[PDB]
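Colleague: The structure under discussion is supplied below as structure tokens; questions concerning it will follow.
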Amino acid sequence: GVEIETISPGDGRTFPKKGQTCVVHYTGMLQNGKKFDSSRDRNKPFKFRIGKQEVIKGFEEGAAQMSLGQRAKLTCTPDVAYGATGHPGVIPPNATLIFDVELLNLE
């Protein structure tokens, strides 16, 4: 499943809850070698609810186990990611994901 590595630690207490609006900068990279997307690059913070499933399952569960103000690496396995078909046109077949997550503020 999901495999968190801490980059820099946060508060170490206030995790995301049911119904909370997570506010996050990010940059998404494929299995070894190259990046595919970035929220920082586009000049706008990204907003997603936990529990209501507005995003992919690995992004929703890795974020929830992280702390407020934490920077961390999410090495999510393909079964909890886009996987065998992948996202048509966008995300290729058989791909372990690597996320550069930074939890700005819970709301």
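Chains: A, B, ... in order of the structure tokens. Residues: from 1 per chain. Ligands: from 1, in order shown.
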May I have the residues within 12 Å of residue 97 in chain A as a PDB file with N, CA and C atoms, in the first residue's frame, using only C-alpha atoms and disregarding those fewer than 6 positions away in the same chain?

Modeller:
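And here's part02.pdb as it stands now:
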ATOM      1  N   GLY A   1       0.825  -1.244   0.000  1.00  0.00           N
ATOM      2  CA  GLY A   1       0.000   0.000   0.000  1.00  0.00           C
ATOM      3  C   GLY A   1       0.844   1.272   0.000  1.00  0.00           C
ATOM      4  N   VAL A   2       0.318   2.333   0.622  1.00  0.00           N
ATOM      5  CA  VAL A   2       1.008   3.645   0.692  1.00  0.00           C
ATOM      6  C   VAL A   2       2.226   3.556   1.648  1.00  0.00           C
ATOM      7  N   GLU A   3       3.335   4.209   1.268  1.00  0.00           N
ATOM      8  CA  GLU A   3       4.605   4.169   2.022  1.00  0.00           C
ATOM      9  C   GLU A   3       5.203   5.579   2.232  1.00  0.00           C
ATOM     10  N   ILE A   4       4.817   6.218   3.340  1.00  0.00           N
ATOM     11  CA  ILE A   4       5.233   7.605   3.646  1.00  0.00           C
ATOM     12  C   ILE A   4       6.734   7.665   3.989  1.00  0.00           C
ATOM     13  N   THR A  27       3.734  18.356  -6.416  1.00  0.00           N
ATOM     14  CA  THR A  27       4.412  18.059  -7.689  1.00  0.00           C
ATOM     15  C   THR A  27       4.514  16.526  -7.873  1.00  0.00           C
ATOM     16  N   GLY A  28       3.777  15.984  -8.853  1.00  0.00           N
ATOM     17  CA  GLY A  28       3.681  14.528  -9.100  1.00  0.00           C
ATOM     18  C   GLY A  28       4.671  13.956 -10.122  1.00  0.00           C
ATOM     19  N   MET A  29       5.340  12.852  -9.737  1.00  0.00           N
ATOM     20  CA  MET A  29       6.427  12.192 -10.519  1.00  0.00           C
ATOM     21  C   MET A  29       6.216  10.661 -10.694  1.00  0.00           C
ATOM     22  N   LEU A  30       6.585  10.128 -11.872  1.00  0.00           N
ATOM     23  CA  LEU A  30       6.406   8.686 -12.207  1.00  0.00           C
ATOM     24  C   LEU A  30       7.520   7.779 -11.605  1.00  0.00           C
ATOM     25  N   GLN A  31       7.389   6.460 -11.799  1.00  0.00           N
ATOM     26  CA  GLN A  31       8.340   5.466 -11.270  1.00  0.00           C
ATOM     27  C   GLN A  31       9.747   5.628 -11.872  1.00  0.00           C
ATOM     28  N   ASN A  32      10.561   6.444 -11.199  1.00  0.00           N
ATOM     29  CA  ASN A  32      11.995   6.629 -11.491  1.00  0.00           C
ATOM     30  C   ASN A  32      12.290   7.377 -12.798  1.00  0.00           C
ATOM     31  N   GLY A  33      12.639   8.659 -12.678  1.00  0.00           N
ATOM     32  CA  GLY A  33      13.248   9.412 -13.778  1.00  0.00           C
ATOM     33  C   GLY A  33      12.660  10.772 -14.135  1.00  0.00           C
ATOM     34  N   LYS A  34      11.339  10.952 -14.003  1.00  0.00           N
ATOM     35  CA  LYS A  34      10.651  12.101 -14.636  1.00  0.00           C
ATOM     36  C   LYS A  34       9.294  12.521 -14.005  1.00  0.00           C
ATOM     37  N   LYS A  35       9.059  13.843 -13.959  1.00  0.00           N
ATOM     38  CA  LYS A  35       7.830  14.457 -13.381  1.00  0.00           C
ATOM     39  C   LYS A  35       6.680  14.568 -14.424  1.00  0.00           C
ATOM     40  N   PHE A  36       5.417  14.588 -13.959  1.00  0.00           N
ATOM     41  CA  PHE A  36       4.226  14.770 -14.846  1.00  0.00           C
ATOM     42  C   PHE A  36       3.268  15.945 -14.510  1.00  0.00           C
ATOM     43  N   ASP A  37       3.295  16.473 -13.280  1.00  0.00           N
ATOM     44  CA  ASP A  37       2.343  17.541 -12.868  1.00  0.00           C
ATOM     45  C   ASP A  37       2.828  18.293 -11.609  1.00  0.00           C
ATOM     46  N   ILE A  56      -7.826  10.804  -6.363  1.00  0.00           N
ATOM     47  CA  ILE A  56      -7.399   9.373  -6.352  1.00  0.00           C
ATOM     48  C   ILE A  56      -7.136   8.856  -4.910  1.00  0.00           C
ATOM     49  N   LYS A  57      -7.416   7.565  -4.659  1.00  0.00           N
ATOM     50  CA  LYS A  57      -7.408   6.964  -3.293  1.00  0.00           C
ATOM     51  C   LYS A  57      -6.085   7.096  -2.502  1.00  0.00           C
ATOM     52  N   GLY A  58      -4.949   6.920  -3.185  1.00  0.00           N
ATOM     53  CA  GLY A  58      -3.611   7.066  -2.566  1.00  0.00           C
ATOM     54  C   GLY A  58      -3.270   8.490  -2.122  1.00  0.00           C
ATOM     55  N   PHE A  59      -3.693   9.472  -2.923  1.00  0.00           N
ATOM     56  CA  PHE A  59      -3.588  10.912  -2.595  1.00  0.00           C
ATOM     57  C   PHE A  59      -4.468  11.306  -1.381  1.00  0.00           C
ATOM     58  N   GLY A  62      -2.755   9.007   1.945  1.00  0.00           N
ATOM     59  CA  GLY A  62      -1.425   9.547   2.297  1.00  0.00           C
ATOM     60  C   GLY A  62      -1.468  10.940   2.927  1.00  0.00           C
ATOM     61  N   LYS A  73       7.237  12.619   1.218  1.00  0.00           N
ATOM     62  CA  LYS A  73       7.224  11.799  -0.022  1.00  0.00           C
ATOM     63  C   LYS A  73       6.232  10.605   0.087  1.00  0.00           C
ATOM     64  N   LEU A  74       5.271  10.543  -0.847  1.00  0.00           N
ATOM     65  CA  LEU A  74       4.266   9.459  -0.905  1.00  0.00           C
ATOM     66  C   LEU A  74       4.567   8.485  -2.075  1.00  0.00           C
ATOM     67  N   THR A  75       5.257   7.377  -1.755  1.00  0.00           N
ATOM     68  CA  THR A  75       5.576   6.298  -2.726  1.00  0.00           C
ATOM     69  C   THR A  75       4.410   5.267  -2.761  1.00  0.00           C
ATOM     70  N   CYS A  76       3.269   5.691  -3.317  1.00  0.00           N
ATOM     71  CA  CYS A  76       2.053   4.850  -3.386  1.00  0.00           C
ATOM     72  C   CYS A  76       2.163   3.716  -4.429  1.00  0.00           C
ATOM     73  N   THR A  77       1.724   2.507  -4.052  1.00  0.00           N
ATOM     74  CA  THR A  77       1.723   1.339  -4.958  1.00  0.00           C
ATOM     75  C   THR A  77       0.625   1.450  -6.051  1.00  0.00           C
ATOM     76  N   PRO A  78       0.868   0.864  -7.268  1.00  0.00           N
ATOM     77  CA  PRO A  78      -0.074   1.002  -8.420  1.00  0.00           C
ATOM     78  C   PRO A  78      -1.550   0.585  -8.163  1.00  0.00           C
ATOM     79  N   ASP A  79      -1.770  -0.434  -7.313  1.00  0.00           N
ATOM     80  CA  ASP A  79      -3.133  -0.882  -6.909  1.00  0.00           C
ATOM     81  C   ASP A  79      -3.970   0.220  -6.197  1.00  0.00           C
ATOM     82  N   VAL A  80      -3.299   1.079  -5.418  1.00  0.00           N
ATOM     83  CA  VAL A  80      -3.942   2.280  -4.821  1.00  0.00           C
ATOM     84  C   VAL A  80      -3.753   3.558  -5.678  1.00  0.00           C
ATOM     85  N   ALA A  81      -3.192   3.389  -6.887  1.00  0.00           N
ATOM     86  CA  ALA A  81      -2.909   4.470  -7.859  1.00  0.00           C
ATOM     87  C   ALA A  81      -3.664   4.212  -9.204  1.00  0.00           C
ATOM     88  N   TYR A  82      -3.153   4.742 -10.328  1.00  0.00           N
ATOM     89  CA  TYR A  82      -3.821   4.624 -11.656  1.00  0.00           C
ATOM     90  C   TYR A  82      -3.743   3.176 -12.238  1.00  0.00           C
ATOM     91  N   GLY A  83      -2.627   2.481 -11.994  1.00  0.00           N
ATOM     92  CA  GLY A  83      -2.494   1.033 -12.285  1.00  0.00           C
ATOM     93  C   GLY A  83      -2.443   0.559 -13.748  1.00  0.00           C
ATOM     94  N   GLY A  86      -4.436   2.543 -16.310  1.00  0.00           N
ATOM     95  CA  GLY A  86      -4.006   3.918 -16.007  1.00  0.00           C
ATOM     96  C   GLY A  86      -5.109   4.911 -16.355  1.00  0.00           C
ATOM     97  N   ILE A  91      -1.944   9.101 -17.737  1.00  0.00           N
ATOM     98  CA  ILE A  91      -1.066   8.316 -16.836  1.00  0.00           C
ATOM     99  C   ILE A  91      -0.850   6.890 -17.420  1.00  0.00           C
TER     100      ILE A  91
END

Colleague: Once DSSP has gone over the backbone, tell me which residues of chain A are in strand (DSSP E or B), as a PyMOL selection string.

Modeller: chain A and resi 4-8+21-25+27-29+35-38+46-49+71-76+97-106

Colleague: In terms of the shortest atom-to-atom distance over only C-alpha atoms, which of A:95, A:84, A:54, A:65 is closest to residue 14 in chain A?

Modeller: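 When distances to residue 14 in chain A are compared using only C-alpha atoms, the smallest one comes from A:65.
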
Colleague: Just asking: which residues within range 7-99 of chain A are alpha helix (DSSP H) according to DSSP, as a VMD selection string?

Modeller: chain A and resid 57 to 65

Colleague: Identify which of the residues A:43, A:105, A:85, A:53 lies closest to residue 66 in chain A, counting only C-alpha atoms when measuring atom-to-atom distances.

Modeller: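 Distance minimum relative to residue 66 in chain A lands on A:105.
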
Colleague: Can you work out which one of A:96, A:88, A:17, A:38 has the shortest atom-to-atom distance to residue 60 in chain A, counting only C-alpha atoms?

Modeller: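 Looking only at the distances to residue 60 in chain A, the closest residue turns out to be A:17.
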
Colleague: Can you pull out every residue within 10 Å of residue 20 in chain A, counting only C-alpha atoms, but drop anything in the same chain fewer than 6 positions away, and send it as a list in words?

Modeller: residues 48, 49, 50, 51, 52, 106 and 107 of chain A

Colleague: Just to be explicit: take each residue in the selection above, keep C-alpha atoms, and write the result as a compact mmCIF listing (two decimals), in the first residue's frame.

Modeller:
# COMPACT_ATOMS: atom_id res chain seq x y z
CA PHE A 48 -9.62 18.63 -1.74
CA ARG A 49 -12.08 17.15 0.81
CA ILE A 50 -11.04 13.97 2.74
CA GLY A 51 -13.64 11.11 2.78
CA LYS A 52 -15.86 12.42 -0.09
CA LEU A 106 -6.61 22.34 7.07
CA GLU A 107 -10.06 24.10 6.76

Colleague: Between CA of residue 55 in chain A and CA of residue 22 in chain A, what is the spacing in Å?

Modeller: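 Taking CA of residue 22 in chain A and CA of residue 55 in chain A, their separation equals 11.4 Å.
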
Colleague: Could you check how far CA of residue 23 in chain A sits from CA of residue 90 in chain A, in Å to one decimal?

Modeller: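 Between CA of residue 23 in chain A and CA of residue 90 in chain A the gap is 23.9 Å.
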
Colleague: Under the rule that only C-alpha atoms are counted, which of A:40, A:6, A:61, A:93 is the nearest residue to residue 24 in chain A?

Modeller: A:40

Colleague: Need the shell around residue 25 in chain A: protein/DNA/RNA residues with any atom at most 8 Å away, counting only C-alpha atoms. Skip same-chain ones fewer than 6 positions apart. Format as a list in words?

Modeller: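 My reading of the contact set: residues 38, 39, 40, 45, 46, 101, 102, 103 and 104 of chain A.
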